[PDB]
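Chemist: Below is the structure I would like to discuss, written out as structure tokens.
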Ligand SMILES: *[C@@H]1O[C@H](CO)[C@@H](O[C@@H]2O[C@H](CO)[C@@H](O[C@@H]3O[C@H](CO[C@H]4O[C@H](CO)[C@@H](O)[C@H](O[C@H]5O[C@H](CO)[C@@H](O)[C@H](O)[C@@H]5O[C@H]5O[C@H](CO)[C@@H](O)[C@H](O)[C@@H]5O)[C@@H]4O)[C@@H](O)[C@H](O[C@H]4O[C@H](CO)[C@@H](O)[C@H](O)[C@@H]4O[C@H]4O[C@H](CO)[C@@H](O)[C@H](O)[C@@H]4O)[C@@H]3O)[C@H](O)[C@H]2NC(C)=O)[C@H](O)[C@H]1NC(C)=O
Ligand SMILES: CC(=O)N(CCCCn1ccnc1)Cc1ccc(Nc2ccc(C(C)C)cc2)nc1
Ligand SMILES: [Ca+2]
Ligand SMILES: [Cl-]
Ligand SMILES: [K+]
Ligand SMILES: [Zn+2]
């Protein structure tokens with residue numbers, strides 16, 4: 024019930040929300056069917072339109088007008104945005120030359136430059152170039168301010184997940200808005216686009232920017248706009264709020280546009296119908312900037328022009344139907360479209376089996392346009408699993424396609444030409460970022476970055492301490508002229524042991540053998558030097599990784615590689631080695647094929663054993679530093695130490711062996727040498743965070759050797775590839791991956807072919823940021839470089855995407 028008989032008289036677009044049954048006058052009351060009876064008349068005036076014309080100049084104020092051209096309008100804060108232009112000989116903001124904003128130029132009583140977030144739904148990154156002719160205001164913001172070529176959205180590349188990631192700095196699995204549609208089994212409640220459930224606060228986790236601001240004494244405009252409020256009214260409402268007295272005036276505001284997403288769905292991303300929507304957004308930007316100029320705020324306000332996701336060409340004829348795959352189609356519920364999520368239709372049906380559903384969906388047709396995954400097998404860069412609202416079974420849908428349950432769903436639910448939702452690495456889903464204002468840099472282009480980073484910067488722009496989130500605070504310092512956040516490196520928690528030779532060979536009873544007895550002060554001085562770290591500078595280029603949790607581990611030096619060996623997990627946490635452009639690949643000699651060697655620096659009790667691998671019929675083993683890359687026959691023996699060995703399913707060894715034998719050398723060739731850090735990851739509860747030992751669900755049979763869920767590598771070289779990786783004077787270049795450690799290659803439909811046809815494609819799909827590896831390992835990389843710490847944070851958030859330009 025709402026007592027709609029109250030009135031909006033002097034309450035139009037009020038900032039405090041009133042609770043039922045009192046009637047509302049705020050910018051969301053329409054959406055709730057709760058506005059006062061006189062809201063339209065009072066608050067949504069339209070008379071005479073939105074622009075001053077010469078004849079209205081100095082009019083007598085008529086309060087019926089949508090906006091005003093009378094002399095008192097600047098004091099009242101409610102002129103038409105073109106008032107000064109038409110009536111006072113002023114120029115439109117877009118016509119003025121740009122001039123650097125070195126310091127905020129604000130009216131008296133402004134405590135800080137306000138922040139205005141101008142968000143545009145469906146605004147694809149390439150519209151900045153392709154549409155540039157018809158967007159002069161947006162083009163001026165972009166060229167005069169700070170801009171990225173694109174900004175990466177979160178997965179799924181849907182509206183609400185992305186807008187709420189913008190507002191919180193959190194992945195969707197952590198903020199809880201994991202799609203535009205959801206079922207929460209604990210609430211037994213469903214969230215949808217249409218309806219009222221979605222307004223219930225229990226869906227919405229984390230702490231969005233408006234709440235962060237309010238808790239710390241910074242007032243916020245209400246960010247959400249009901250759809251029938253016209254854009255011109257939204258802009259005039261923001262500008263009016265900006266004329267409130269100091270004590271009442273918000274410092275942060277948002278505007279939202281349903282365009283260009285609305286028309287992109289109907290016409291496709293580049294339909295000729297798309298020009299008009301882009302012109303219209305531009306005109307809205309021009310209204311805002313003109314309105315700020317009138318208020319003397321155009322060199323005071325920081326403006327962020329930001330999109331949520333792009334738009335791809337997708338048509339009804341490109342739908343895959345689960346009825347072409349599953350016999351039991353009526354026993355499942357599908358969340359359909361540009362992603363798939365599958366769960367059981369009834370929890371009372373115990374003949375529902377996810378394994379047989381996955382199998383029926385796996386590489387069943389030559390051209391199949393979606394790939395099924397248990398959510399924990401999805402690429403870790405998507406961070407899309409650790410939420411009860413995310414169904415165990417997921418379908419990653421190819422760009423340009425939909426998945427649906429049955430054909431009748433597509434014509435009794441073509442009607443559309445664009446859609447979005449796909450993998451957040453897809454070019455068509457990339458969106459835009461421009462920052463313009465005193466706090467942003469002048470005419471500066473910055474590299475693409477991820478939208479989870481923006482919340483931190485929005486907090487910096489408003490002098491707020493960000494709530495805990497998934498941005499890496501400091502990684503976007505290079506966007507800002509001032510207000511940078513000067514992070515310190517985390518403190519190492521565990522210091523390493525440096526074991527010398529402490530064990531005789533016969534103390535080990537590991538069931539390992541090696542043909543290594545084939546056997549000098551010239552050479553013997555040298556090997557001692559190597560075991561004490563004499564080549590450490592060559593193989594450990596950026597310092598040892600810091601261990602940021604409590605653990606027991608040893609640093610182990612060798613000719614060709616250095617490792618941080620965990621006595622708790624019985625394997626290295628990290629292995630570090632450098633491969634020059636000139637390095638040679640060799641084979642594993644015939645006599646050494648099954649060689650494993652006890653490491654006399656590490657107790658038997660803290661070593662793996664070969665008997666466990668013999669007894670475990672499913673599990674084999676691999677090496678972190680690859681024997682193929684040994685610098686010499688004698689050095690090669692180091693690669694077979696039991697302390698360089700890790701458990702690997704045979705299927706995964708096909709992947710690993712190809713990476714180590716072929717690809718590392720290819721990279722050293724292309725990049726002028728590479729430094730590699732490889733190691734295991736254990737994320738059995740799929741939370742993106744390192745597992746403690748009591749979370750491990752699987753061990754090599756009969757032993758305490760834990761089995762990794764994933765293997766990572768960080769591959770660093772010099773950004774200026776004219777310098778070799780080990781003598782780089784400036785910025786670095788990095789690519790990384792987190793490969794899932796699986797007992798089959800069912801993910802790779804071409805896996806029966808030679809590794810050269812499928813392995814690198816797998817690795818590309820599992821590309822990662824150094825930062826993703828840091829969360830999964832509790833390690834901190836790049837601690838000793840000649841680079842600024844902020845620049846290193848940016849490197850650590852880098853994702854190498856493999857998309858074309
Ligand atoms: C991205 O950034 C985010 C934010 O920094 C990172 O997420 C954080 O990770 C922390 C570590 O996992 C986690 O800390 C836990 O918090 C528990 C208290 O949680 C409540 O309070 C906070 C603070 O306001 C609030 O934010 C939480 O909100 C969550 O929950 C509701 C849903 O219930 C949602 O509205 C919201 O969306 C959010 O959900 C997300 O997180 C939860 C987990 O909290 C997931 O279940 C969801 O899927 C969703 O992703 C909460 O309202 C606290 O109680 C925990 O402490 C337990 O564990 C420690 C171990 O050290 C132990 O000391 C304690 O005793 C306790 O154990 C007890 O519970 C156990 C499990 O139930 C049980 O086994 C034991 O026997 C004990 O009884 C813990 O400290 C923090 O909450 C989240 N924060 C957020 C916002 O998500 C995220 O990790 C980053 N991602 C990456 C990859 O880096
Ligand atoms: C009410 C409603 O349902 N919508 C969404 C329609 C989805 C349509 N759609 C479906 C498929 N494709 C497109 C409208 C909406 C959205 C955001 C918003 N304000 C806002 C501004 C800034 C921010 C961040 C940037 C801080 C967050 C929120 N006001 C209104
Ligand atoms: Ca974990
Ligand atoms: Cl969805
Ligand atoms: K075995
Ligand atoms: Zn859309």
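Numbering (mature numbering (1 follows the signal peptide of the UniProt record, and there is no 0)), first residue to last: 24 to 436, 441 to 546, 549 to 564, 590 to 859.
The beta-carbon is built from N, C-alpha and C at its ideal position, and this holds for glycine as well.
#1: Is any heavy atom of ligand 6 found at a distance shorter than 7 Å from the C-beta of residue 294?
#2: Short of 8 Å in beta carbon distance, which residues of its chain neighbour residue 350, apart from the five on each side in sequence? Order them along the chain.
#3: Contact defined as beta carbons within less than 8 Å: I believe residue 771 pairs with residue 727. What is the distance between those atoms, to the nearest angstrom?
#4: Going by the beta-carbon positions, is the gap between residue 426 and residue 148 smaller than 8 Å?
#5: Just list the residues that DSSP pairs residue 707 with in beta bridges.
#6: Taking the alpha helix (DSSP H) that residue 230 belongs to, which residues open and close that run?
#7: Measuring CB to CB, does residue 405 end up less than 8 Å from residue 362?
#8: Is residue 226 near ligand 2 - that is, is its Cβ less than 7 Å away from at least one heavy atom of it?
#9: Nearest CA to the CA of residue 692: which residue from 617, 199 and 710?
#10: Hey, how far is the Cα of residue 729 from the Cα of residue 171?
#11: Using only the alpha-carbon positions, how far apart do residue 643 and residue 765 sit?
#12: Assign residue 528 to one of three DSSP states: helix, strand, or coil.
#13: Using only the alpha-carbon positions, how far apart do residue 222 and residue 355 sit?
#14: If we count the other Cβ atoms within 10 Å of its Cβ and call it buried at 16 or more, is residue 332 buried or exposed?
#15: Output the boundary residues of the alpha helix (DSSP H) element that contains residue 167.
#16: Terminal residues of the continuous alpha helix (DSSP H) containing residue 817?
#17: Report yes if the C-beta distance between residue 489 and residue 249 is below 8 Å; otherwise report no.
#18: Is it right to say residue 476 is buried, meaning 16 or more other beta carbons lie within 10 angstroms of its own, or is it exposed?
#19: What does residue 767 pair with, by DSSP beta-bridge criteria?
#20: Just the Cα atoms here: how many angstroms apart are residue 214 and residue 446?
#21: Assuming residue 264 contacts residue 272 (C-beta within less than 8 Å), just tell me the rounded distance between them.
#22: Is residue 798 near ligand 5, judged by its Cβ being under 7 Å from some heavy atom?
#23: Can you give the Cα-Cα distance for residue 234 and residue 196, rounded to whole angstroms?
#24: Where do the N-terminal and C-terminal ends of the beta strand (DSSP E) with residue 282 fall, by residue?
#25: I want to check one thing, is the minimum distance from the CB of residue 198 to the heavy atoms of ligand 1 below 7 Å?
#26: Where residue 530 and residue 741 are concerned, what is the direct C-alpha to C-alpha distance, given to the nearest angstrom?
#27: What residue ranges within the region 443-525 form continuous beta strand (DSSP E) runs of no fewer than 3 residues, ordered along the chain?
#28: Residues near ligand 4, CB to any non-hydrogen atom under 5 Å, in chain order?
#29: Quick one, which of 759, 757 and 631 has its alpha-carbon nearest residue 722's?
#30: Give the list of continuous beta strand (DSSP E) stretches no shorter than 3 residues that lie fully inside the region 636-717.
#31: My understanding is that residue 45 touches residue 516, with C-beta atoms under 8 Å, so please give their C-beta distance in whole angstroms.
#32: Starting from the N-terminal side, write out each stretch of the alpha helix (DSSP H) that is 4 residues or longer and does not extend beyond the region 290-329.
#33: For residue 327, count neighbouring C-beta atoms within 10 Å of its own C-beta (all shown protein chains included) and say buried if the count is 16 or more, exposed if not.
#34: Helix, strand or coil: which one does DSSP assign to residue 370?
#35: Examine ligand 6 and report whether any of its heavy atoms sits within less than 7 Å of the Cβ of residue 284.
#36: Tell me whether residue 140 counts as near ligand 2, meaning its Cβ is closer than 7 Å to at least one heavy atom of that ligand.
Modeler: Reading from the atomic positions:
#1: Residue 294 Cβ: outside cutoff for every heavy atom of ligand 6.
#2: Annotation for residue 350: 383 place their beta carbon closer than 8 Å to its own, counting only its chain and skipping 5 residues before and after.
#3: The C-beta distance from residue 771 to residue 727 rounds to 6 Å, short enough to fall under 8 Å.
#4: At a Cβ-Cβ threshold of 8 Å, residue 426 and residue 148 do not count as neighbours.
#5: The partner list for residue 707 (beta bridge, DSSP) is empty, contrary to what the question assumes.
#6: Counting along the chain, residue 230 falls outside any alpha helix (DSSP H), and DSSP gives it neither H nor E.
#7: The answer is no: Cβ separation not under 8 Å.
#8: Taking the Cβ of residue 226 as the reference point, every heavy atom of ligand 2 lies at 7 Å or farther away.
#9: Among 617, 199 and 710, the Cα nearest to that of residue 692 belongs to 617.
#10: Residue 729 and residue 171: Cα-Cα distance of roughly 29 Å.
#11: So the alpha carbons of these two residues sit roughly 25 Å apart.
#12: Reduced to three states, the DSSP call for residue 528 is coil.
#13: So the two alpha carbons sit approximately 27 Å from each other.
#14: Flag for residue 332 reads buried.
#15: Under the DSSP assignment, residue 167 falls in the alpha helix (DSSP H) whose first and last residues are 159-167.
#16: Note, residue 817: alpha helix (DSSP H), 813-819.
#17: No; because the gap between Cβ atoms is not below 8 Å, this pair is not in contact.
#18: Of the residues assessed, residue 476 falls on the buried side of the cut-off, its CB having 16 or more other CB atoms within 10 angstroms.
#19: Looking at the DSSP output, residue 767 sits in a beta bridge with 732 and 791.
#20: Residue 214 and residue 446 have their C-alpha atoms some 20 Å from each other.
#21: Going by Cβ atoms, the distance from residue 264 to residue 272 rounds to 7 Å, so yes, they are a contact pair.
#22: Residue 798 Cβ: outside cutoff for every heavy atom of ligand 5.
#23: For residue 234 and residue 196, the distance between alpha carbons rounds to 20 Å.
#24: Per DSSP, residue 282 belongs to the beta strand (DSSP E) from 275-283.
#25: Within the cutoff, so yes.
#26: Cα to Cα, residue 530 sits roughly 39 Å from residue 741.
#27: 458-463, all fully within the region 443-525.
#28: Residues flagged by the Cβ proximity filter: 202, 203 and 204.
#29: From the listed residues 759, 757 and 631, the smallest Cα separation to residue 722 is found for 631.
#30: Entirely contained in the region 636-717, the beta strand (DSSP E) runs reaching 3 residues are, in chain order, 674-677 and 699-702.
#31: Contact flag wrong, Cβ pair sits at about 52 Å.
#32: Runs of the alpha helix (DSSP H) inside the region 290-329: 298-317.
#33: By the 10 Å Cβ count, residue 327 comes out buried.
#34: Residue 370 falls in the coil class under three-state DSSP.
#35: Residue 284 Cβ: within cutoff of ligand 6.
#36: It does: the Cβ of residue 140 is within 7 Å (strictly closer) of some heavy atom of ligand 2.
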